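Examination of the molecular architecture
Spelled out from the first residue to the last, the chains are:
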Amino acid sequence: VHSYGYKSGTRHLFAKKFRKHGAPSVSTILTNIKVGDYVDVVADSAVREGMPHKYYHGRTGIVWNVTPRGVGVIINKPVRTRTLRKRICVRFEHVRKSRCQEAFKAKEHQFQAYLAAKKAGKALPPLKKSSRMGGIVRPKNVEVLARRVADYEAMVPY
Amino acid sequence: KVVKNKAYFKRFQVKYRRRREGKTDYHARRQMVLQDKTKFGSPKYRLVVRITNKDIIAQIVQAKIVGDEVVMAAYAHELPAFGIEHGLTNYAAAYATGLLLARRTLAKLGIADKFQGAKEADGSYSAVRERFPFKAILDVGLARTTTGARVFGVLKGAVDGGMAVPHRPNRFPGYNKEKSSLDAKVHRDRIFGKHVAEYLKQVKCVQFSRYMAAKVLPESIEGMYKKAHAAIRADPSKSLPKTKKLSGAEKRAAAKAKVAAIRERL
Amino acid sequence: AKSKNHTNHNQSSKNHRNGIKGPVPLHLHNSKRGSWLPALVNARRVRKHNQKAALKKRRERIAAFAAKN
Amino acid sequence: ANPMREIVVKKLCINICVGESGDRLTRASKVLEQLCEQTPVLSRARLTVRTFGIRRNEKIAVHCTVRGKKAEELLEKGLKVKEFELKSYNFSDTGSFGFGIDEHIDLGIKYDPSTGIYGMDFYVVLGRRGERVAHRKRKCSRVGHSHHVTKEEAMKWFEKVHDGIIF
RNA sequence: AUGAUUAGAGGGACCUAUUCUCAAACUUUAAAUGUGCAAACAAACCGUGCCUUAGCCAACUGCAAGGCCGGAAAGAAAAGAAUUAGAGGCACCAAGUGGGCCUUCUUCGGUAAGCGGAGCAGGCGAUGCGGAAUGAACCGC
RNA sequence: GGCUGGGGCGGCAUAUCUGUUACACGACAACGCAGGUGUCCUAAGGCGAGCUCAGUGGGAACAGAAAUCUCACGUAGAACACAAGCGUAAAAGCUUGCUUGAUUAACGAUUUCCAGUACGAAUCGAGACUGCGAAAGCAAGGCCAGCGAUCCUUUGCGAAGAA
RNA sequence: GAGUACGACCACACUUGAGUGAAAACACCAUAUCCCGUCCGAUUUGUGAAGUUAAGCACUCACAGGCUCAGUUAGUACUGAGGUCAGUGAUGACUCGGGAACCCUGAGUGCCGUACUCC
């Protein structure tokens, strides 16, 4: 980076992948964003206006303001001794709802559905056990490890 | 020379199926489907008018990710139930469709008799909007929107049916454009089919063969549609009564046989 | 004399010596002045009516207490 | 199996190239209206040359397109000039024709002591009735290989009506 | 693909398929080390709960928001399924410093340099002590 | 004046923009590498519609390697004021139509550089009056370099009428 | 089992050469008073329905090109941590760990919604 411009470092970060070129698909226009929701900021390059800065590409935060064509996101940018909490304004083409929170909110459902399942039983599925615990092994086939005379002429090709 | 070179297909990117097939204009619906993000999932409909020669289709379509969904759908070919037996693709029928769609959706959504809209179809332009009427966009498709075009006939078929479709009386037939005013007369004549009723009398083997054979008098036409209009409004829901693939072994087996066949001749 | 030197050398050792303080919680500063206004207005038009209803409950719990005893 | 696929003449395109604008162009523009009965569109220049003597956007040529009954009778009227004989060198791989026609007076129009005598260029496009598929705005797609007109099939078509050819 | 590039063959140049050899300012593909967030107490999850709106819509008890009132809460199971010499957070006032240098690894200019210039870190500077006979910086500490 | 492999002479590494160095977030030096900036545009701005480009191949009076017509192919090999990168094919390119969103915009917030100061440039908004479009929508210049404190000078708004 | 209208993912869908297509559709098509638009009703726009599956579209096919997934390439290249390790060096192996890519082989050749309709 010689010139320290606005979008000074990027012929790759902002390039579209090979044979993925195109303008943004419908499915990302028909997503809707509620305030408080987590989001990935990934800048699409086929929409000029509204891009996030080079730093924010690839981060996640909590949407806060929602405007007709815009959004806004709260992202943690570490600075000298501290993390400022930055508010950026993006055109939502660059925004995708994050799956980050997901496996947790699925752990919470599979607890409650578990709990209402014990309430009056029906019992419950069995608890899987460790693979690291003991056992006798009954080998179906057994072979020998050795270094072969032939193994060396394979490592000098040609 | 050869520009279909092996490396050409290799880096080639394909346009969307509906673009290859030439069916949808993606820079268009992408602008039609979109909505203010502050309106979150708020349902937004659009009425699509697609005229396939020998027929007309007017649908009211909510658009969502898994796919578009259709509230109700009207067709020109359902008009014979209402008394329109000939010229189902003309402007007059294009008006009835969309008067059928508009009245069939307002029964669908339950609005029913609350919104009616002008029954005289002494066609004229009015601004679109104490309750605010049901609102749907017109989706032209790939048609050229030239003034007079039938796609905008369905438009005021719906408007006259109570649906609120934002428009300006710019492309309706009978519009000067030298003066900003629409002439409702020439537009009415086009609605009830006078443009067709005048062009039979001018003919009397191929052109209008079914009109002449089925003995429609050019004078009866402006009354034929008029009865069908008031019939659509009464009963909306009345309509027309009532190689196997080769497997992975077969493709390969047929191939090694085809080679050994010609490998045995030499 | 060449005075133009630039280094990052000792820095991230200094930046972590009082540590990098983690972010401020979501609940702490909201202060929505950004903001999309017609939603912001309709938020205060409610947030007033929640004051009356909540300051009324302050009175109904004064009576209901002295009512009890 | 040949129900719809008989060959027909889709368009006859006339071209008059003139390396200059001005009178002789405005005159030849009148040579076409008298002939093909349509107000012509005049080409411009795509690039400068400096040998031909043409600069860019100079209004070089005046051409016209002709379809239907005007096209057949004008084809005949121009194909009689060369006496229904032409060289198979002149058949495109797409099945089309061309004619020299150095004299439009040979095409039947009375002379005016203004315009003079111009060279004409006739070119004919033979196609089967199904080729809208490649033009229409919606659902546009290829015509298909079996259905194209061959260089040979256009030769026979010309040797079916007003016969004869030379190699 | 873009840009370099050697040779023969097949159908003088061409055309076709290969071939030898490359790229900091080329790339289909694409690591290791990294980097953003999340992992249960102002939170989230659940409800034919209710209130409020000059927000959305052709709806209307749907969606937005601030609440209220109930529900449950391995306080986070099982699956290798965390650990901590983990008191978090805020503030006032102020000094010195703002010539650095050395090293593993990465690294640019130079034939090179005990040369000049950077990256991630560790040191000397400021610190001895034990060791490499001796040495600022190496080794152990 | 200054920077400066002593100073001088030269240069501009002094304010700056794209690619690379730069080590797959961001950040990163040199008188390191390869180029730019101080402008230009009432259209080269805004919008709707129609179209497809560079090139190749067959064919057509003169007419040829090269003019214009026609057909086929054509993943951008063209173009987008300019350096470079990125992005774009029923367009962001080309042709054409109507236009002045290149105005005003209540002291809104935010990014970039960063001390999280200013300037420059930019993003997201709310209000006014609008433009193009059937409509959804698009537009507060031409994305992103093209620029300016205190003081001083200078122009615009604070029409008339009423209380 | 299919068609049409709208579609989501956007080649397992494309490209080329063949083959076959019940009904209904789709389309090609016939035409140019009226609305409308051009040099040309070609595109387009308005009227309609005499003809054909020829073409588009749907389907099948090809030891087809491409593309998708999995193998192999290969625990090789590379790489985080380590040495008072080897070597004059260039570099390399080793130790605790992560671990590729093309060619090459085999297998696949769209799928999923709403609405209306055909046997």
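Residues numbered from 1 in each chain as written, not as in the entry; some residues may be left out. Chains lettered and ligands numbered in written order. Part of a larger assembly, values for the part shown. Heavy atoms only, no water.

In its metadata, the entry names cryo-EM as the structure determination method and reports 2.9 Å as the resolution.

1. Description of helix 2 (residues 68-79) of chain D
Along an α-helix, residues three or four apart share an orientation, since each turn contains 3.6 residues. Residue and element names in this part refer to chain D. Taking 1.5 Å per residue as the helical rise, helix 2 with its 12 residues ought to reach 16 Å, and the 16 Å between its terminal C-alpha atoms agrees with that figure. Of the residues making up helix 2, those classed as buried are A71, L74, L75, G78 and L79. With its buried residues spanning 125 degrees around the axis, helix 2 presents them on a single face. More than 90 degrees from the buried face of helix 2, the exposed residues found are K69 and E73. Packing partners of the buried residues in helix 2 comprise strand 1 (8-16), helix 1 (23-36), strand 3 (62-67), strand 4 (96-99), strand 5 (121-127) and helix 3 (151-160). (Helix = DSSP H or I, 4+ residues; strand = E, 2+ residues; numbered from the N terminus. Expected span 1.5 Å × (residues − 1). Buried < 20%, exposed > 50% of the residue type's maximum accessible area, 1.4 Å probe, protein only. Arc of directions from axis to C-beta. Contact = heavy atoms within 4.5 Å.)

2. Considering the pairing of strand 1 of chain D
All names here are of chain D. Of the strand pairs in this sheet, strand 1 and strand 5 are connected by seven bridges, and their pairing is antiparallel. Residue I14 lies in a different strand from strand 5, and its bridge partner there is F122. Judged from the six bridges that link them, strand 1 and strand 3 form a sheet pairing that is antiparallel. The residue bridging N15 from the neighbouring strand is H63, located in strand 3. (Pairing = 2+ DSSP bridges.)

3. With respect to the packing of helix 5 (residues 99-108) of chain B against helix 10 (residues 221-234) of chain B
Residues and elements named next belong to chain B. Here helix 5 crosses helix 10 at 15 degrees, and the two axes come no closer than 9 Å. In terms of axis orientation, helix 5 runs roughly parallel to helix 10. Here helix 5 runs over helix 10; the crossing is right-handed. Across the interface between the two elements, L99, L100 and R103 of helix 5 pack against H229, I232 and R233 of helix 10. Counted by class, the contact of helix 5 with helix 10 contains three nonpolar, one polar and two charged residues. (Axes fitted to C-alpha atoms, helices over the stretch in contact; angles between N-to-C directions. Parallel < 35°, antiparallel > 145°, perpendicular 65-115°, else oblique. Left-handed = near helix turned anticlockwise from the far one by under 90°. Nonpolar A, V, L, I, M, F, W, Y, C, P; charged D, E, K, R; others polar.)

4. What about the sheet that holds strand 1 (residues 38-41) of chain A?
Residue and element names in this part refer to chain A. The strand order across the open sheet formed by five strands is 4-3-2-1-5, and the pairing between neighbours is antiparallel. Looking at the sheet topology across the chains shown, the edges are occupied by strand 4 (83-90) and strand 5 (95-97). Here the strands of the sheet are splayed against their neighbours by 45 degrees on average, with no regard to which way each runs. Pairing of strand 2 (residues 59-66) with strand 3 (residues 71-78), which is carried by three bridges, proceeds in the antiparallel orientation. Across the sheet, residue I62 finds its bridge partner in strand 3, namely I74.

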